[PDB]
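Colleague: Chains as they are written, first to last, in this note's numbering: chain A, 80 to 199; chain B, 139 to 726; chain C, 311 to 1215; chain D, 184 to 381. Here's a structure for you.
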Amino acid sequence: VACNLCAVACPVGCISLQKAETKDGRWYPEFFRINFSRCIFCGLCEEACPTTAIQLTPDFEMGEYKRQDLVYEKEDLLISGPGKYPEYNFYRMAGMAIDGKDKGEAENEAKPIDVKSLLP
Amino acid sequence: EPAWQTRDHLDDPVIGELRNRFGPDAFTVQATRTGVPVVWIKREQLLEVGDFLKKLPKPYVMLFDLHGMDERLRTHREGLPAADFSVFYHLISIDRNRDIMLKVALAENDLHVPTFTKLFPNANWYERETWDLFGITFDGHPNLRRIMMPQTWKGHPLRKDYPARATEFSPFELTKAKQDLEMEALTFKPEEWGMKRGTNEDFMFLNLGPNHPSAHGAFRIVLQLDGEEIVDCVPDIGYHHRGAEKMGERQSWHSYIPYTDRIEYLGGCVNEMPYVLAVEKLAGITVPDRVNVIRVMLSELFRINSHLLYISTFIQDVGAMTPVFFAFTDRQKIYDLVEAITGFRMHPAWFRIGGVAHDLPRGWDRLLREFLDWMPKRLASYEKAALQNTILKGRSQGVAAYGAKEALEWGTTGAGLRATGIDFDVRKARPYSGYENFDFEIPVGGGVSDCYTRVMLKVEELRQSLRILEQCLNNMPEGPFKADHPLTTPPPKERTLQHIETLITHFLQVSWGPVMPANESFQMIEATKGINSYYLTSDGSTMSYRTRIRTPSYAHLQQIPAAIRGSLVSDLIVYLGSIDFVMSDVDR
Amino acid sequence: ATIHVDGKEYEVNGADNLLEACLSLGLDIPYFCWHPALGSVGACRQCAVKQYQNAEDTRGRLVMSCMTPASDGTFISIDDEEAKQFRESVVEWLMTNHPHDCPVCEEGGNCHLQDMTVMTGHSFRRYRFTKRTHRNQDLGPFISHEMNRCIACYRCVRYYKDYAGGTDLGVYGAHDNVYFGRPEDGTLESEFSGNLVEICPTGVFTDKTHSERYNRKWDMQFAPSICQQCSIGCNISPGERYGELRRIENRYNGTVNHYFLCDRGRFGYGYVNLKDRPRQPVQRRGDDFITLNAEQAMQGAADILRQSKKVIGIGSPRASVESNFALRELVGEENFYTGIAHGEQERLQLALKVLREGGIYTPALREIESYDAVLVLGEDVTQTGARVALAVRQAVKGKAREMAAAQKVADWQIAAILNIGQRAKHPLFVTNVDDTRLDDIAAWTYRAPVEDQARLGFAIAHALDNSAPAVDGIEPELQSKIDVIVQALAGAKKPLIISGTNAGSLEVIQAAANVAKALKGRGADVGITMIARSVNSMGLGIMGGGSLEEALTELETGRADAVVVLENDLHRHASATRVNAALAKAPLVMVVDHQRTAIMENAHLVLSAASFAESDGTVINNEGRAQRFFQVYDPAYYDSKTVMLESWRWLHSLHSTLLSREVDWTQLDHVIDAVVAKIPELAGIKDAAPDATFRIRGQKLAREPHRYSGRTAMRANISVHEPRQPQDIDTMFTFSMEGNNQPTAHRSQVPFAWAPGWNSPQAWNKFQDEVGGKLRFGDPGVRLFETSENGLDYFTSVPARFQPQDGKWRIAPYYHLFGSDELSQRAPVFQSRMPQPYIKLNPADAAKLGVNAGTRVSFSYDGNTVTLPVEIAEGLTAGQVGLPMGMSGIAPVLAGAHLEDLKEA
Amino acid sequence: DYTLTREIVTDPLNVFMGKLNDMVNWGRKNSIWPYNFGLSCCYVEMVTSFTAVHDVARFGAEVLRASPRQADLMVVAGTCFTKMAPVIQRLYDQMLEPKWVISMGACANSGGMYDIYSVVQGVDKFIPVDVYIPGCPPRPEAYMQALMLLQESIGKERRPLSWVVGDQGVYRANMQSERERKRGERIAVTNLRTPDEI
Ligand code: SF4
Ligand code: SF4
Ligand code: SF4
Ligand code: SF4
Ligand code: SF4
Ligand code: SF4
Ligand code: FES
Ligand SMILES: [Ca+2]
């Protein structure tokens, strides 16, 4: 959701991203880049992530010929599935309305009561 | 009263003794969370106070630490003397099992203190580092030169107005320093290093560094030799200076933990433990018992890893090469367990303020059982193949021996101090992290700290750590892995993912940082190579105002010339192999 | 007064409540519904402390510290266990319905509710039931609305209605369904609605313009700057990220603009991020353009200017004092000309002469709120100097404050003060050509032409003092209303006379000066305020120089062949055809500017000047206070091809390359010393800020927060090798985290407010000596001139009555907050807020010409006919036609002018 | 594609000369002698790769040399401290052609987590690097993977056969980045094992 918590939690400062928003109001990263020549694989970004988006996976074979190619953009990071957390969805919890979830449709949320309602 | 509560320690008998000797208005007692009495002494009374402490009925025999502090940006200095800078002296009385921290206040222009080297000889390197990083002059010092930075360095990096970040790289300065390196071999002046009698026309001068093909790191020693006899030796250290304390002033309390990992890089969770304990003292957090047992088990696993590396490296330094292969196989078993628990091998960064990062994974006990069944036969085989060999005994026994007095006067801790016969282990004398609930022994020497005696003491420490791991495996509480304190950083992840209050706490803790109220805290632990301590000053902010790390390898490297003078060069290599140091621990 | 907090004795003001007294002492009490500018109401119940009856009391009683006076001998406890439990419970009650929104909420990291949740130590949720939800409203282009996050602290409605005087915001519904917003979807009509994003402690009201390009507060690079969009001089904190200006926060100045901006300053920054901005020097060869670096541009421009026979300069009230002075040094004082028109210059120098030779004190913007009668002559204050209108609203509420003080009601108990002073208010008399936004609180509104407004002012002055010149031919009803004004002003203990140059009449300013002199001669404590047009109008008036028409005649006669134009769109101050002719005739036109102006197609050289975000300088507000603005970011950090320098740096380098054939750029303090050495009337700008060698215990002042992130990845797509930190040799600020931003640091320039545990705009409490007062070591900025010992004489040139003429339509100015300031019109978010340009007609004149509302009429000005649709204006008197000044095609110089051949299209 | 040093050029490569140059490259890539150089923790994982549980000797790259004259590969495994940077430069200059460089760990790659006053931000500030390994530390098998990447780079390069006959330019293959090569399989990953188990 491009909340920028992982970038500020990174002690090396090797995460850079910018928030964009869809038409229905869903936040997402416009870009997301990680300088892996700086990254110490400490896992503080995964710990800080409130959506379980960013994850450290069992893969060590990341050797490279050019150091510029260790800058991984969003196309090199976004995978096809949920990874280590198969079911969590932050947008099922958030009160912010997106496509497919109007106000009052999140978890533990009541339907909105308009102030012009006849009930006391 | 909790163990993290702020105390003035006015009921310490040393405060009454100082009252009786120097009067009540001669000093100011400061209430801290360091756990030791902190006394602000006038500069002109420092030598008298130190001599009085040295001449007590149960005396303060060891200068544990000596360093400086830039107090100019410290907003919360209530009940403190006016000071632009300060110098602190941490002294340990072994017989009392007590400490005291003397503090001398200094103005910005009058930045000179009388030297402490006549009372404690380890004050030489400590005052050289204080002069190097703070610009504080010590009057009467034999050679007050820079020890961390190169001699042609401008400024003092631990001052608050010094910028922490790396400057722009210039190849011109690199070529100038290369020319300095290649001209130093031709224009060596044996007076600027504290040496005397610079060629009797028989003293050959050799260099051992600045590159060393070993795991303890790369460093330079200048040797003055008469034939094969070392008549003088001065070290050149600071070749692995990483600015870890300055970085402590730059990272938040949470984001500094991976930096604590890389102080003594064979120690891992052992290195993390004193930092998180000191931060929890600042936060007022008492961790639950399962956290204590988890941290103890991780620290003992990493202690076994480090001791196996040390014993194998010593055997390789003697001349037998196969036990390092087998000890690295055992290290791979330990790394299998540590990888399973923390997800990393060497720098797990797994301890947290108020607990650990995750719960233990399902099935960790099977891997611990496999390691505990694998280890003892291998250790016995190592002993029978290499440690009982008479060639190794001839290389090790009687080499670089010192007694209790020399160990105390140089701040020697760990296996060397216990090999001198002094029974001082932090896990028993000043217990931490629930170590009192474990049944284990502290091996001590007969009175002579040899290379062989230190190695065998480390072998018995490995066996005791195996005993602690067996008790950890058999007795695990089924509780939380994180304390329920609001300053537990980060909060438990599932509550963060579904509760807004926990989400808010997590948001502010990982971004701006946890707010530690203004205090000073201290924690020393028995590390793999001696006593490792963190001294943290919070000015009320989300980062440390001052992070001071005392490491034992610094003291052991400073003790090197006192124990090796008059010996052979091969004895110096064996002594270097038997110290159990790393240069990252030395330079920080 | 003596209070005892947790066993510690403190000396406080007895007229303060306990919350503000304790926050002034550095103690931390959580609070939501209290604000320093709004007073106390006791809604949120967050500020609970335990009050004891005396020293030997142990039970105590929980009280609200915001509603409890800090009287002598008070005994309270903040850290009492019951008080801490209740404050945590209040946080918990607010958290029961709060949405799980912090990652996708624009307030995160800047949220007062987050900070107080952490401060109370509440982190465990035991509530398990459903959360109430709300639908959101569309509130216009600036403010985004999210009512789920509301904690019902009532700050928004109290600020918007009671403080700002807005009418379209309110609280609706009942018990836990209280809803804060508008009665229906629509744009917030207040000119000060943008302060809601800082007033609201949660993420209900958010900066939508920031939300388009959102980033967190810790990721911003801040600088202390001055708002450029009018002459008031409100202190701002521009914050940038990734090379673009992201946000304008209010920067607290206890003397100027304390907590509040206007919406023009807060949201009219978007021109800085325009893609058509000049990034590098461009020189045209034939019909093609080539890009030069700065050294080649200096060498070529110096060679061509050296070949020329006479170089003249055209400054701008947009540009700073340093850049205008550097232009005046490059071309010479006798060849320097101000970029404003002749009549505009005459009105500006008359306003300056009244300000610094009239012998009557000119108050600062905060000081306006203490005057007990206000007469506004000609100046549509809300659309031109909006923060002055806000201050005048507070000064009007001063009467309710006085009646509440008579009944021994504390000055912070705002509900009691409003109840006592029901609708009683200090007298406000506004005059304009039409209705103003101050009419809802004005005791009287005079809709008349500018000469009739001046005649009213001269008649008021003559009725206050018989030595003032008389006005002959006053109607009895107008005479009775004049007597009402005179009786209100004479009995006032502190009258304030506000005027300005926007009315477009010299006699209005003279009438205001005569009223001020007549009130001064009766021993009253009269203040006078002038409203200039642009950010450095008063600085250009103090520097002086010939008018733009003199420079146009120099370029048209041909005796000047080279012209430098600094930060000036010349079509605003002169007719476009004459400017285009004089610039097409000129063999050398050089334009130093930061925006793509219309005179850059006839410009032979264009220099990429820096905007205020990328430059340092000094600007003079209409109070006469010199204020220093600082560079926010280095434009060459992300795009290394960008050659965008300070204007004074460009012009000084040009003068150096002209004289010694060598390129020396300059330092800022050298230009400051040059200004104060050549110009003694601008000698105060040396003391506006400390020089670039200023340190806080040896270290510079930081521009970015401590947790500034992404430093090894924000440029990693360009190159993985990190560039050097930008160097600031100009000022005492560093372009990095390696600096000082302590609230106790001995400085007056604060780039942003942050304290540990206070991440919201409430950290300005920590940056103050007392909360709601001034900054701890004084507000920045110094006054250039003091009050003169002797005043002026009465201006005897009373203008005649306005007579309508057939075929001659006198242009009445209609300024707009969104549209009359050039750079703010260039901001893309102001196009949605842009009113459609309607020409205003009297019903009688429109009936005579046979045009209804909405019909297009074409009028001819300067030999060019343009068509605008008709809006019927009842208050506009006959013989006048209403035009929106400063818009696209309608220059502000057209105010007070006549118009010919207005025909139906 | 190739890079020329003495410029982006094409492949210069008779049928006997090409085969014998391939045999030269095969002998160079199957006989790599690393230099013994301990900087920091990354060196501990490097010598872990040398031990029995990993056995990097299988690749023929176990011959650790204390002399730079007999070493073909320099593995910068550790932080480039400002005092150690002239030492690293002198040791690199003491090596003989052909010489290859592997940066091991984030410190050697970029400075890593030590953007500090006493640390050079990456060894490529002053020494050319052929293979970079991210990690802090990289595990020993990552060092072995970088060794294989170095062998692929060596087997595709063209060096002067003799100093008296032929072109003396050094040709280095501009290989495809490993990120773009593995993007096909890395993005297709859907489900990973949950961190609760072992
Ligand atoms: S794992 Fe890498 S990217 Fe994530 S916080 Fe640590 S250093 Fe930064
Ligand atoms: S990866 Fe997670 S922590 Fe980082 S911006 Fe995205 S949602 Fe936030
Ligand atoms: S208003 Fe504050 S507490 Fe609520 S979702 Fe936004 S950042 Fe979180
Ligand atoms: S919308 Fe904001 S300011 Fe208004 S009552 Fe709710 S939380 Fe308070
Ligand atoms: S009143 Fe003027 S100076 Fe103040 S914010 Fe508005 S436009 Fe800017
Ligand atoms: S990259 Fe990490 S493991 Fe390697 S030398 Fe640096 S701190 Fe040590
Ligand atoms: S701040 Fe006092 S009750 Fe709200
Ligand atoms: Ca500048």
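The beta-carbon is built from N, C-alpha and C at its ideal position, and this holds for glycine as well.
If you pair each beta-carbon of the region 431-443 of chain C with each one of the region 180-189 of chain A, do three or more pairs fall below 8 Å?
Modeller: yes
Colleague: Counting only the same chain and skipping the five closest in sequence on each side, list residues whose C-beta sits under 8 Å from that of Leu257/B.
Modeller: Reading the second sequence from its first residue, position 119 is the one you call residue 257/B. Answer for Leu257/B: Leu185, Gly188, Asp189, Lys192 and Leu201, listed in chain order.
Colleague: Any heavy atom of ligand 5 inside 7 Å of the beta-carbon of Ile542/C?
Modeller: Along the third sequence, read from residue 1 onward, the residue named residue 542/C stands at position 232. Flag set: Cβ of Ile542/C near ligand 5.
Colleague: In the DSSP output, which residue or residues are listed as bridge partners for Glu911/C?
Modeller: In the third sequence, residue 911/C corresponds to position 601, counting from 1. Per DSSP, none; premise fails for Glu911/C.
Colleague: Let's see if you can read the secondary structure: which residues bound the beta strand (DSSP E) around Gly206/B?
Modeller: Working through the second sequence from its first residue, we reach residue 206/B at position 68. Its beta strand (DSSP E) spans residues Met200 to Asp208.
Colleague: Since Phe169/A meets chain C, which of its residues come closer than 9 Å, beta carbon to beta carbon?
Modeller: For the purposes of this step, residue 169/A is taken as residue 90 along the first sequence, with counting starting at 1. The contacting residues are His410, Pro413 and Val414.
Colleague: Tell me whether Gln704/C counts as near ligand 5, meaning its Cβ is closer than 7 Å to at least one heavy atom of that ligand.
Modeller: Start at 1 with the first residue of the third sequence, and residue 704/C comes out as number 394. Not under cutoff, so the answer is no.
Colleague: Does DSSP classify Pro630/B as helix, strand or coil?
Modeller: Residue mapping note: residue 630/B aligns to position 492 of the second sequence, counting from 1. Of the three classes helix, strand and coil, the one that applies to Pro630/B here is coil, per DSSP.
Colleague: Hey, is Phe111/A's beta-carbon within less than 8 Å of any beta-carbon in chain D?
Modeller: Working through the first sequence from its first residue, we reach residue 111/A at position 32. It does not; no Cβ of chain D falls within 8 Å.
Colleague: Thinking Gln361/C and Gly370/C are a contact (beta carbons under 8 Å), I'd like their distance in whole angstroms, please.
Modeller: Reading the third sequence from its first residue, position 51 is the one you call residue 361/C. Reading the third sequence from its first residue, position 60 is the one you call residue 370/C. 6 Å between Cβ atoms; contact.
Colleague: Do you know whose CA, among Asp486/C, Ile453/C, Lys471/C and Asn323/C, lies nearest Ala462/C's CA?
Modeller: Here residue 462/C corresponds to residue number 152 of the third sequence, with the count starting at 1. Comparing Cα-Cα distances from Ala462/C to each of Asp486/C, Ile453/C, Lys471/C and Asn323/C, the minimum goes to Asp486/C.
Colleague: So for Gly201/D, helix, strand or coil by DSSP?
Modeller: Mapped onto the fourth sequence, residue 201/D falls at position 18. Here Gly201/D sits in helix by DSSP.
Colleague: Below 8 Å on the Cβ atoms is my guess for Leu329/C versus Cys357/C; work out the distance and round it to an integer in Å.
Modeller: Position 19 of the third sequence, counted from the first residue, corresponds to residue 329/C. Position 47 of the third sequence, counted from the first residue, corresponds to residue 357/C. With a Cβ gap of about 5 Å, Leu329/C and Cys357/C count as contacting.
Colleague: Does the count of Cβ pairs from the region 345-355 of chain D and the region 451-471 of chain B closer than 8 Å reach three?
Modeller: No, they do not touch.
Colleague: Using a cut-off of 8 Å between C-beta atoms, extract the partners of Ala487/B located in chain A.
Modeller: Indexing the second sequence from 1 puts residue 487/B at position 349. The contacting residues are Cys121, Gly122 and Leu123.
Colleague: Tell me, which residues are paired with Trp106/A by DSSP?
Modeller: As a first step, residue 106/A is located in the first sequence; it is residue number 27 there, counting from the start. In DSSP, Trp106/A forms a bridge with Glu100/A.
Colleague: How about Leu978/C: is its Cβ closer than 7 Å to a heavy atom in ligand 2?
Modeller: Within the third sequence, numbered from 1, the residue matching residue 978/C stands at position 668. No, the beta carbon of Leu978/C sits no closer than 7 Å to any heavy atom of ligand 2.
Colleague: Could you give the DSSP three-state label for residue 1217/C: helix, strand or coil?
Modeller: A question about residue 1217/C goes unanswered here, because the residues of chain C that appear run from 311 up to 1215.
Colleague: Tell me the DSSP secondary structure of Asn824/C in three-state form.
Modeller: Counted from its first residue, the third sequence places residue 824/C at position 514. It is helical.
Colleague: Could you give the DSSP three-state label for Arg248/D: helix, strand or coil?
Modeller: As a first step, residue 248/D is located in the fourth sequence; it is residue number 65 there, counting from the start. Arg248/D: strand per DSSP, three-state reduction.
Colleague: Quick check: is any heavy atom of ligand 4 less than 7 Å from the C-beta of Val351/C?
Modeller: Mapped onto the third sequence, residue 351/C falls at position 41. Flag unset: Cβ of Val351/C not near ligand 4.
Colleague: Three-state secondary structure (DSSP) at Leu738/C?
Modeller: As a first step, residue 738/C is located in the third sequence; it is residue number 428 there, counting from the start. If DSSP states are grouped into helix, strand and coil, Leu738/C belongs with the strands.
Colleague: Enumerate, from N- to C-terminal direction, the unbroken beta strand (DSSP E) stretches of 3 or more residues contained entirely within the region 635-722 of chain B.
Modeller: Counting only runs of 3+ residues, the beta strand (DSSP E) found wholly inside the region 635-722 of chain B occupies 657-665, 668-676 and 684-688, in chain order.
Colleague: Any idea which residues DSSP pairs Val258/D with across the strands?
Modeller: Taking the fourth sequence and counting its residues from 1, the one referred to as residue 258/D is at position 75. In the DSSP output, where bridge partners are listed per residue, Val258/D has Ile285/D.
Colleague: Taking 8 Å as the threshold, find out whether the region 712-722 of chain B comes into contact with the region 450-457 of chain B through three or more Cβ pairs.
Modeller: yes
Colleague: Closest to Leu498/B by CA distance: which of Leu436/B, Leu510/B and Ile698/B is it?
Modeller: Along the second sequence, one-based indexing puts residue 498/B at 360. Among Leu436/B, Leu510/B and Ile698/B, the Cα nearest to that of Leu498/B belongs to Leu436/B.
Colleague: Going by alpha carbons, who is nearest to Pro251/D out of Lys365/D, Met278/D and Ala240/D?
Modeller: Against the fourth sequence, residue 251/D aligns to sequence position 68. Among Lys365/D, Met278/D and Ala240/D, the Cα nearest to that of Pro251/D belongs to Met278/D.
Colleague: Give me the chain C residues within the contact set of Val653/B, using Cβ-Cβ distance strictly less than 8 Å, ordered along the chain.
Modeller: Along the second sequence, read from residue 1 onward, the residue named residue 653/B stands at position 515. Ordered by position in chain C, the residues that pass the 8 Å Cβ test against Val653/B are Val428, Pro1066 and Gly1067.
Colleague: Measure how close the beta-carbons of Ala1157/C and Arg882/C come, nearest whole angstrom, since I'm counting them as under 8 Å.
Modeller: Within the third sequence, residue 1157/C is the residue found at index 847, counting from 1. Within the third sequence, residue 882/C is the residue found at index 572, counting from 1. The Cβ separation is near 34 Å, so there is no contact.
Colleague: Between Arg601/B, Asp340/B and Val724/B, which lies nearest to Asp511/B when the distance is taken from Cα to Cα?
Modeller: Within the second sequence, numbered from 1, the residue matching residue 511/B stands at position 373. With distances taken between Cα atoms, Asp511/B lies closest to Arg601/B.
Colleague: Is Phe515/C near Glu761/C, with beta carbons less than 8 Å apart?
Modeller: As a working note, residue 515/C is residue 205 in the third sequence. As a working note, residue 761/C is residue 451 in the third sequence. The answer is no: Cβ separation not under 8 Å.
Colleague: Can you name the residues that DSSP bridges to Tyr218/D?
Modeller: Position 35 of the fourth sequence, counted from the start, is the residue given in the question as residue 218/D. Beta-bridge pairing links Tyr218/D to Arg248/D.
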